[PDB]
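Student: Protein chains in written order, with the authors' numbering: chain P, 299 to 444, 447 to 454, 462 to 468, 489 to 501, 503 to 620, 641 to 676, 689 to 744; chain E, 695 to 827, 854 to 1140; chain X, 943 to 1140; chain B, 943 to 991; chain D, 27 to 69, 80 to 143, 165 to 172, 186 to 245, 263 to 298.
Sharing a structure here in structure tokens format.
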Amino acid sequence: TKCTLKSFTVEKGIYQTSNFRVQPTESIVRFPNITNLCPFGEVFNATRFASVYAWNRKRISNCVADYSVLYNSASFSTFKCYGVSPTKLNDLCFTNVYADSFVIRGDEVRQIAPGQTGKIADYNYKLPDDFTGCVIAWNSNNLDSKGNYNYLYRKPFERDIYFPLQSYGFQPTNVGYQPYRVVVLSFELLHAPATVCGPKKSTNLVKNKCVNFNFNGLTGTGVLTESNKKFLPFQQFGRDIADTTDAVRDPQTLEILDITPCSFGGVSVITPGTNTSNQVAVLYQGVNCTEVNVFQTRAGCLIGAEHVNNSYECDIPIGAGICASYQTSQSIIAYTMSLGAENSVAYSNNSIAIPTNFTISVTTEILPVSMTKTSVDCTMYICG
Amino acid sequence: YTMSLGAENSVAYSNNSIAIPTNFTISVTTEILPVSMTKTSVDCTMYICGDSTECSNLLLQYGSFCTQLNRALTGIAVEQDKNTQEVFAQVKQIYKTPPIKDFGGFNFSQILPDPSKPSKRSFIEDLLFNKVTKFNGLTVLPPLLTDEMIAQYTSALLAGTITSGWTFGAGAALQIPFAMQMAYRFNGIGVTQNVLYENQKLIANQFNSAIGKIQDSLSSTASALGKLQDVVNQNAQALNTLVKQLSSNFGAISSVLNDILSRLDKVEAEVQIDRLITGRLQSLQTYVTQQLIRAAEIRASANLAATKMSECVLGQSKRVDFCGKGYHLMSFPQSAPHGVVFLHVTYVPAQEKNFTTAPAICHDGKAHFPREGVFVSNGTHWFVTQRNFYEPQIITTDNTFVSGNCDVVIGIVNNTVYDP
Amino acid sequence: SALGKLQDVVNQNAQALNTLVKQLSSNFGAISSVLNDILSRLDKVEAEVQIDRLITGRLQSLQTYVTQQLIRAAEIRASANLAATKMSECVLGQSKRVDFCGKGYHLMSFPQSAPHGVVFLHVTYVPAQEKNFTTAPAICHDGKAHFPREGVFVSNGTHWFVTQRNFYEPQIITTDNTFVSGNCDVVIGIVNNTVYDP
Amino acid sequence: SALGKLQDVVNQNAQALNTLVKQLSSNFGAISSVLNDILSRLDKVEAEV
Amino acid sequence: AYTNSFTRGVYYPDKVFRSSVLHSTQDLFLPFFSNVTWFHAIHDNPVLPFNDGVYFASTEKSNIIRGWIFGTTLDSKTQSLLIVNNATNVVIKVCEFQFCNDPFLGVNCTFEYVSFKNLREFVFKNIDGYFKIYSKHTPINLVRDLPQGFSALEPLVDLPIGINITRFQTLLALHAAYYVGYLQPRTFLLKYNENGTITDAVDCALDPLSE
Ligand SMILES: *[C@@H]1O[C@H](CO)[C@@H](O[C@@H]2O[C@H](CO)[C@@H](O)[C@H](O)[C@H]2NC(C)=O)[C@H](O)[C@H]1NC(C)=O
Ligand SMILES: *[C@@H]1O[C@H](CO)[C@@H](O[C@@H]2O[C@H](CO)[C@@H](O)[C@H](O)[C@H]2NC(C)=O)[C@H](O)[C@H]1NC(C)=O
Ligand SMILES: *[C@@H]1O[C@H](CO)[C@@H](O[C@@H]2O[C@H](CO)[C@@H](O)[C@H](O)[C@H]2NC(C)=O)[C@H](O)[C@H]1NC(C)=O
Ligand SMILES: *[C@@H]1O[C@H](CO)[C@@H](O[C@@H]2O[C@H](CO)[C@@H](O)[C@H](O)[C@H]2NC(C)=O)[C@H](O)[C@H]1NC(C)=O
Ligand SMILES: *[C@@H]1O[C@H](CO)[C@@H](O[C@@H]2O[C@H](CO)[C@@H](O)[C@H](O)[C@H]2NC(C)=O)[C@H](O)[C@H]1NC(C)=O
Ligand SMILES: *[C@@H]1O[C@H](CO)[C@@H](O[C@@H]2O[C@H](CO)[C@@H](O)[C@H](O)[C@H]2NC(C)=O)[C@H](O)[C@H]1NC(C)=O
Ligand SMILES: *[C@@H]1O[C@H](CO)[C@@H](O[C@@H]2O[C@H](CO)[C@@H](O)[C@H](O)[C@H]2NC(C)=O)[C@H](O)[C@H]1NC(C)=O
Ligand SMILES: *[C@@H]1O[C@H](CO)[C@@H](O)[C@H](O)[C@H]1NC(C)=O
Ligand SMILES: *[C@@H]1O[C@H](CO)[C@@H](O)[C@H](O)[C@H]1NC(C)=O
Ligand SMILES: *[C@@H]1O[C@H](CO)[C@@H](O)[C@H](O)[C@H]1NC(C)=O
Ligand SMILES: *[C@@H]1O[C@H](CO)[C@@H](O)[C@H](O)[C@H]1NC(C)=O
Ligand SMILES: *[C@@H]1O[C@H](CO)[C@@H](O)[C@H](O)[C@H]1NC(C)=O
Ligand SMILES: *[C@@H]1O[C@H](CO)[C@@H](O)[C@H](O)[C@H]1NC(C)=O
Ligand SMILES: *[C@@H]1O[C@H](CO)[C@@H](O)[C@H](O)[C@H]1NC(C)=O
Ligand SMILES: *[C@@H]1O[C@H](CO)[C@@H](O)[C@H](O)[C@H]1NC(C)=O
Ligand SMILES: *[C@@H]1O[C@H](CO)[C@@H](O)[C@H](O)[C@H]1NC(C)=O
Ligand SMILES: *[C@@H]1O[C@H](CO)[C@@H](O)[C@H](O)[C@H]1NC(C)=O
Ligand SMILES: *[C@@H]1O[C@H](CO)[C@@H](O)[C@H](O)[C@H]1NC(C)=O
Ligand SMILES: *[C@@H]1O[C@H](CO)[C@@H](O)[C@H](O)[C@H]1NC(C)=O
Ligand SMILES: *[C@@H]1O[C@H](CO)[C@@H](O)[C@H](O)[C@H]1NC(C)=O
């Protein structure tokens, strides 16, 4: 409370000091139970690559992918990535991976990015102007050069078949004019079943308890619970209004689980004045006391105060009719507030009360009229 | 179509014509006021950053924005209890009604508490409670007063208003018979109080029947609750917009923060997350600005409702059309979700007759003027009567006062003026 | 603590200014919050990006301050029109408006200045020492019902008096205190007495 | 100037609209405040910045 | 011939569960109450342009409509998609070997793939190198035409064929009726019920009430 106010003195009140959250008990990993190694050695050490006028494409599915072996390979002249970072590729997983495989001149590699245009990139191989994945390339001059005019050049992901047939004199004596093998990995980050995943091992599954979790690369924290939700066979994930994942289909047992965020609330510290006591009582707002002397209010769980059956004027307000005060050998009491002294008016069809005497009150009403006439020289405030 | 502004009416004016109402209708013109919007409060770090430490370490670089948003929302949330306390808690004793309801023919049994309810609302409060209708760091705090405590304050105000009238606004409540309280309220509208007693069963039946029409109106017609349901809907749409805004890209690669933290390493993730922070924070400042301006609108409505409670429930208002469309008699508060409802009881005059009138009357060459009310003639005899209920009286030295010879007055008439 | 309305208006503005001043020290994602560091450390291309984050943040924080101060100025202006209205109705006059001019039946108010505000010493009559009386809406005499001009009828238990509504001052009931209207039989709860003819 | 409050209300709203219209011409750190200058000069990916 | 499409031709826009929500979407869709071109299997399969994309359907109890072709020339002057159903499999090809150039079925495989009382429905669309197919099967008692009532199509397959498509055709089998409607870029509003099934939709460009 003193650090909330930045003050060594705190007046009688109730201060929203902190945000209580039940912590993740353990970390859960849920991945597809499949173990076949992906064909990257076939992709990168292929007999030949395709010509860029009609580039090869291969689909990678139902397999395990350690991208670290690729990212760590100093043989790659570039490893430029988009919408993912090379270090993160193991942590996360995909419905498919596609490898687009072809040879180009090194001077043209600058055209292979999600926004370019050029005599290759507006023609025979256009990346989507928002693509997600990695471009992996290196000079193959030690193998693909001869020159090797078999290598041939010319909508997003358009294949195609005066005529525009053009070829490269790839010779071992060429450095920008060398042949460069390139593989573009496009990652199908849709919400179907995952089929290409990192070597990250699955754990056992935990339920009804607050955990950190991963499902196919959906990292989060929450209480996993079994659910009645009628997921259709093509849907692996389900979402709330906020686009936050609200449910998941488990990748190994295929049952439908809710995700509920772990119990949380404000930590309102009820205090008498520090100029009166050091003693405090804590309202965990909205939580049930089983989740945290102790007392339960409709406003939350109240700890360190003492419940009282008498009723008094509301000294510090807590909520839902509960109030607190510091009182007699002394404690913070908490009580249902008195609205006032109860009074049956002595009515009848023929009774009247008339005041035989009065008093002159002088009250005191204290109204603001003018706040301070501040003015800010906004250029000097911003630019000094 | 070109809208009708209303039925056109040539008021039948002339320098000697007056219309006096010969009968009245008591009418219970319901008014509704918001008093307190939902006490929303936000964990601005869980909203903006979703318990990512990686994001929270960036949100710190924005300084006292997140803390002053909590401060601002708490300033609204604490003043919702100020509003509710200033409207309803205008009484330091909980008055309660007698066991026997001997109120001179008036039947409050629909506006007083019913023991049959689990929280002891009246019947009309229970109609009003029928007609009026996340995990994302957002919360709703409870009101300080429960709706049961609100119903005890409206019962204290109402048991006071019934058994003691205006007097509990000043001192302690003074009991007075309800048939004698209305003879105060009739003097407040300038209607001579015998107009109550000589019509007491009729006035009681018009009040009872008007209360019955409020039960039918509130049972049949949802658009009666228009303001309160709109204040619930405005805050619900404000929260649903604030929640939907978590799905907005703001120019980041995704709006789900854990997509960015799983896909991107920290050097790149810090660029994208700073767009989600900038966007979500702009949307939280937009929400809090909207809620502050809306809370000033509800606070104007709460200070209006507290003024209506003070003048119109705890008293009787001379302020024309402040207390419903009529001459105001008294009002009964009823609670409703997020607001208050006033059953403003008003005298409205009804069955008019035309009369010939004169500003003064000559007797022995000396002009007489009325003490209370106006002069009128049915066509053959001259009478004095009160302004708001035709009650013809013989013109005399007791209902009139002299002021000098006739000749100065435009439109004076001769008559006799009698001396008791 | 009686000054809480005024001291809180001073505190709100002082806390808003301290918040606005502290926001000069916030990074907003720039390498320092002291502008002269950026201009001494970075050359006038790289620095121009960092300064744009400080301008964006400081300007957003100034707009946050001015929005808060406009909403707070409207909150004070409602209080100023309320104070001006109590000055007009309650100082320059007397108010029939129940519980506007403080608790009680209002007599008069004296204004006093205070820093950033005004204080009204509302002087009010409060009735204090009740007696319980038998009462009636009307009184019969010679078949005529009589009603009071000002005040109410009451009895101590043996004699009937008319008295003003707000201070027990019993008076012998007479035709100067009361007005006739019609026969007895229409009135629920009329009582007999004698009404004296002075 | 007897109409000073109404002329002030017209002036405030007109100056608020003229401010909002002039703010179309403010650069905000972009290469032009005329949107069509950006869409004519830059290829339509760099232009997104 | 022509007939009215009514509200038919809506499909699940993405592979994500939602429930009790009015999710808005913008995509290639069959415009509400547009004219569908209509055909009879007996005594009717010309080549049609493909445009933005194609809704297709057939009303059936005999299984005579059995495939589709998509491309620019549809004749192996250049590669073109073939789709066939053979009553044990769905089969898909782009192979160079010559097609039935007056197409009916007698009762370089560089891409190759394998998986009235009824109305069978489809949506076919091409975006950014991927062809996509959606479908629905439903019973009908109204043998006359496409029902004036609602159901939504669900995705079958995504096909990374990379080929340019501007014309299509349909295939019939012999020793039934079929429909065509072109899609357009449209905003749509969708209602997902308490089970996450789409029970209703709005075409946002239909009429001022839908706007
Ligand atoms: C006051 O009004 C209530 C209804 O507003 C009356 O309630 C009725 O009471 C009788 C029995 O005494 C029942 O037969 C009716 O069905 C009740 N009506 C309802 C709607 O509940 C009550 O009797 C009235 N009392 C007086 C003295 O007027
Ligand atoms: C004043 O108006 C009321 C109606 O607002 C009259 O009361 C009605 O009188 C008729 C017979 O004349 C009865 O059938 C109704 O039942 C009465 N209504 C009520 C609510 O009691 C009243 O008689 C009129 N009085 C005068 C003097 O004109
Ligand atoms: C105007 O009012 C007076 C009094 O109500 C009426 O005068 C009475 O008329 C009746 C016959 O209709 C006589 O029996 C009474 O003796 C008259 N009273 C007096 C005091 O003379 C008069 O008739 C009314 N005139 C009109 C046009 O309505
Ligand atoms: C009221 O009555 C008086 C008489 O009591 C009228 O006064 C006479 O008016 C005529 C014409 O102006 C004069 O010739 C007489 O000399 C007046 N007599 C007196 C005694 O003054 C008067 O005109 C009447 N007025 C009205 C408005 O009826
Ligand atoms: C009610 O008030 C009247 C007047 O104050 C009281 O009557 C007087 O009583 C005294 C004796 O106590 C007599 O000397 C007077 O002559 C009485 N006055 C009259 C007008 O008769 C009466 O005693 C009071 N009664 C009660 C019950 O308080
Ligand atoms: C007020 O006094 C009158 C007499 O002055 C009472 O009238 C008598 O009432 C009884 C019962 O109703 C009748 O038998 C008599 O015939 C009435 N007398 C006359 C002259 O009419 C009247 O009851 C008294 N009322 C109260 C409330 O005290
Ligand atoms: C897809 O196919 C269409 C033809 O169906 C191609 O469009 C023609 O392109 C040539 C130039 O190459 C133009 O001269 C023609 O006028 C176009 N015809 C039509 C009907 O548009 C289109 O270029 C092809 N696109 C790709 C990416 O292969
Ligand atoms: C390609 O072959 C070399 C040996 O010739 C091997 O070291 C390398 O790991 C292979 N690449 C991949 C992706 O497996
Ligand atoms: C996945 O593996 C578990 C054992 O780890 C096995 O029980 C389960 O049946 C498997 N699921 C599928 C769909 O093969
Ligand atoms: C605070 O404590 C000091 C003594 O330590 C005392 O003089 C002062 O009056 C106290 N003030 C309050 C508000 O309790
Ligand atoms: C508190 O939680 C327990 C389960 O831990 C439950 O049985 C009890 O009903 C809850 N009470 C309230 C008031 O939420
Ligand atoms: C309060 O009163 C109830 C009975 O009304 C009793 O059971 C309970 O033990 C009391 N609690 C305390 C704290 O005295
Ligand atoms: C009064 O009489 C005039 C006669 O022209 C008539 O126009 C007017 O409507 C009448 N008003 C009432 C209330 O009877
Ligand atoms: C009223 O006005 C008429 C003309 O409109 C005039 O003849 C008549 O004398 C006037 N009477 C009075 C009392 O002014
Ligand atoms: C009036 O008398 C009744 C008699 O029961 C009593 O209950 C009530 O408290 C008295 N009121 C005052 C203000 O003395
Ligand atoms: C007052 O009510 C009682 C019943 O409580 C009744 O006996 C008495 O006659 C009534 N008196 C009047 C004046 O209404
Ligand atoms: C549908 O086709 C008919 C002729 O078959 C034509 O009259 C009508 O305008 C068309 N309507 C639409 C919406 O295409
Ligand atoms: C259907 O097609 C597949 C692939 O061509 C084939 O294996 C299967 O035998 C075919 N079925 C029939 C009935 O010919
Ligand atoms: C297969 O493709 C190559 C070009 O990639 C072409 O030369 C060859 O003729 C094609 N074969 C057939 C059977 O069409
Ligand atoms: C959800 O599906 C069940 C059958 O699995 C059905 O009983 C229920 O009625 C459906 N929900 C709605 C909103 O109809």
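Backbone N, C-alpha and C define an ideal beta-carbon position, used for all residues, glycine too.
#1: Check whether the Cβ atoms of residue 524 (chain P) and residue 395 (chain P) lie closer than 8 Å to each other.
#2: If you measure between the beta carbons of residue 612 (chain P) and residue 648 (chain P), is that distance less than 8 Å?
#3: Below 8 Å between beta carbons: does that hold for residue 229 (chain D) and residue 54 (chain D)?
#4: I'd like to check one pair, residue 130 (chain D) with residue 116 (chain D): are the Cβ atoms closer than 8 Å?
#5: Please determine if the segment 962-969 of chain B and the segment 1114-1130 of chain X are in contact, where contact requires at least 3 C-beta pairs separated by less than 8 Å.
#6: Determine, using beta-carbon pairs with one atom in the segment 519-534 of chain P and one in the segment 562-574 of chain P, whether at least three such pairs fall under 8 Å.
#7: Would you mind reading off the limits of the alpha helix (DSSP H) that contains residue 936 (chain E)?
#8: Can you tell me whether DSSP reads residue 778 (chain E) as helix, strand or coil?
#9: Considering only heavy atoms of ligand 19, list every residue whose Cβ is less than 6 Å from one of them, following chain order.
#10: Excluding the 5 residues preceding and the 5 following residue 493 (chain P) in the sequence, name in chain order all residues of the same chain whose CB lies nearer than 6 Å to its CB.
#11: Return the chain-ordered list of same chain residues with a C-beta closer than 7 Å to the C-beta of residue 1085 (chain X), the five sequence neighbours on each side being excluded.
#12: Can you name, in chain order, every residue of its own chain whose Cβ lies under 7 Å from the Cβ of residue 309 (chain P), other than the five neighbours on each side?
#13: Quick one, which of E:864, E:1093 and E:925 has its alpha-carbon nearest residue 1121 (chain E)'s?
#14: What is the rounded straight-line gap between the Cα of residue 1053 (chain X) and the Cα of residue 973 (chain X)?
#15: Would you identify the three-state DSSP class for residue 740 (chain P), choosing helix, strand or coil?
#16: Thinking C-alpha only, which one of X:1025, X:989, X:980 and X:1104 is nearest residue 1044 (chain X)?
#17: Would you be able to state if there are at least three C-beta pairs under 8 Å between the segment 38-48 of chain D and the segment 82-95 of chain D?
#18: Are there 16 or more other CB atoms within 10 angstroms of the CB of residue 760 (chain E), so buried, or fewer, so exposed?
#19: Are the CB atoms of residue 496 (chain P) and residue 449 (chain P) within a distance shorter than 8 Å?
#20: Whole angstroms are fine: how far does the CA of residue 764 (chain E) sit from the CA of residue 987 (chain E)?
#21: Of all Cβ atoms in chain X, is any one closer than 8 Å to the Cβ of residue 459 (chain P)?
#22: Checking 8 Å against the spacing of the C-beta atoms, do residue 844 (chain E) and residue 1009 (chain X) come in under that value?
#23: Just confirm the distance between the C-beta atoms of residue 302 (chain P) and residue 315 (chain P), as a whole number of angstroms; I'd bet it's less than 8 Å.
#24: Note the first and the last residue of the continuous alpha helix (DSSP H) segment covering residue 301 (chain P).
#25: Secondary structure at residue 994 (chain X), three-state DSSP: helix, strand or coil?
#26: Hey, out of E:697, E:699 and E:943, whose CA is closest to residue 724 (chain E)'s CA?
#27: If we define contact as Cβ-Cβ less than 8 Å, is residue 872 (chain E) a contact residue for chain P?
#28: Hey, could you find the ends of the beta strand (DSSP E) residue 1050 (chain X) is sitting in?
Tutor: Looking at the coordinates:
#1: Locating residue 524 (chain P) in the first sequence gives position 196, counting from the first residue. Locating residue 395 (chain P) in the first sequence gives position 97, counting from the first residue. Contact: yes.
#2: The count along the first sequence starts at 1 and reaches residue 612 (chain P) at position 284. The count along the first sequence starts at 1 and reaches residue 648 (chain P) at position 300. Result yes, Cβ atoms of residue 612 (chain P) and residue 648 (chain P) sit closer than 8 Å.
#3: Working through the fifth sequence from its first residue, we reach residue 229 (chain D) at position 159. Working through the fifth sequence from its first residue, we reach residue 54 (chain D) at position 28. No, the Cβ-Cβ distance between residue 229 (chain D) and residue 54 (chain D) is not below 8 Å.
#4: To locate residue 116 (chain D), count along the fifth sequence from 1; it is residue 80. To locate residue 130 (chain D), count along the fifth sequence from 1; it is residue 94. Cβ distance < 8 Å, so residue 116 (chain D) and residue 130 (chain D) count as in contact.
#5: Because the criterion of three Cβ pairs below 8 Å is not met, the segment 962-969 of chain B and the segment 1114-1130 of chain X do not touch.
#6: yes
#7: The count along the second sequence starts at 1 and reaches residue 936 (chain E) at position 216. Per DSSP, residue 936 (chain E) belongs to the alpha helix (DSSP H) from 920-940.
#8: Taking the second sequence and counting its residues from 1, the one referred to as residue 778 (chain E) is at position 84. Looking at residue 778 (chain E) - three-state DSSP - the assignment turns out to be helix.
#9: D:132 and D:165
#10: Translated into positions along the first sequence, residue 493 (chain P) becomes position 166. Result list for residue 493 (chain P): 453, in chain order.
#11: As a position in the third sequence, residue 1085 (chain X) is number 143, starting the count at 1. Result list for residue 1085 (chain X): 1125 and 1126, in chain order.
#12: Your numbering for residue 309 (chain P) matches position 11 in the first sequence. 601, listed in sequence order.
#13: If you number the second sequence from 1, residue 1121 (chain E) lands on position 401. Ranking E:864, E:1093 and E:925 by CA distance to the CA of residue 1121 (chain E) puts E:1093 first.
#14: Here residue 1053 (chain X) refers to the residue found at position 111 when the third sequence is read from its first residue. Here residue 973 (chain X) refers to the residue found at position 31 when the third sequence is read from its first residue. Going from the Cα of residue 1053 (chain X) to the Cα of residue 973 (chain X) covers about 54 Å.
#15: What you label residue 740 (chain P) is simply residue 380 of the first sequence in a count that begins at 1. Helix at residue 740 (chain P).
#16: As a first step, residue 1044 (chain X) must be located in the third sequence, where it is residue number 102. Residue 1044 (chain X) has its Cα closest to that of X:1025, out of X:1025, X:989, X:980 and X:1104.
#17: no
#18: Residue 760 (chain E) sits at position 66 when you count from the first residue of the second sequence. Looking at its Cβ environment, which holds 16 or more other Cβ atoms inside 10 Å, residue 760 (chain E) is buried.
#19: Translated into positions along the first sequence, residue 449 (chain P) becomes position 149. Translated into positions along the first sequence, residue 496 (chain P) becomes position 169. When the beta-carbon positions are compared, residue 449 (chain P) and residue 496 (chain P) come within less than 8 Å of each other.
#20: As a working note, residue 987 (chain E) is residue 267 in the second sequence. As a working note, residue 764 (chain E) is residue 70 in the second sequence. Answer to the nearest angstrom: the Cα atoms are 30 Å apart.
#21: Examination of chain P shows a numbering gap from 454 to 462; residue 459 (chain P) is inside it and therefore has no coordinates.
#22: Absent from the coordinates is residue 844 (chain E), which sits in the stretch where chain E moves from 827 straight to 854.
#23: Position 4 of the first sequence, counting from 1, holds the residue named residue 302 (chain P). Position 17 of the first sequence, counting from 1, holds the residue named residue 315 (chain P). The pair is a contact, with the Cβ atoms about 5 Å apart (cut-off 8 Å).
#24: Within the first sequence, the letter at position 3 stands for residue 301 (chain P). Where residue 301 (chain P) is concerned, the enclosing alpha helix (DSSP H) starts and stops at 300-303.
#25: Within the third sequence, numbered from 1, the residue matching residue 994 (chain X) stands at position 52. Here residue 994 (chain X) sits in helix by DSSP.
#26: Here residue 724 (chain E) is taken as the residue at index 30 of the second sequence, counted from 1. Checked all of E:697, E:699 and E:943; the closest Cα to residue 724 (chain E) is E:943.
#27: As a first step, residue 872 (chain E) must be located in the second sequence, where it is residue number 152. For residue 872 (chain E), the answer is yes, since a Cβ of chain P falls inside 8 Å of its Cβ.
#28: Counted from its first residue, the third sequence places residue 1050 (chain X) at position 108. Judged by DSSP secondary structure, residue 1050 (chain X) falls within the beta strand (DSSP E) whose first and last residues are 1047-1056.
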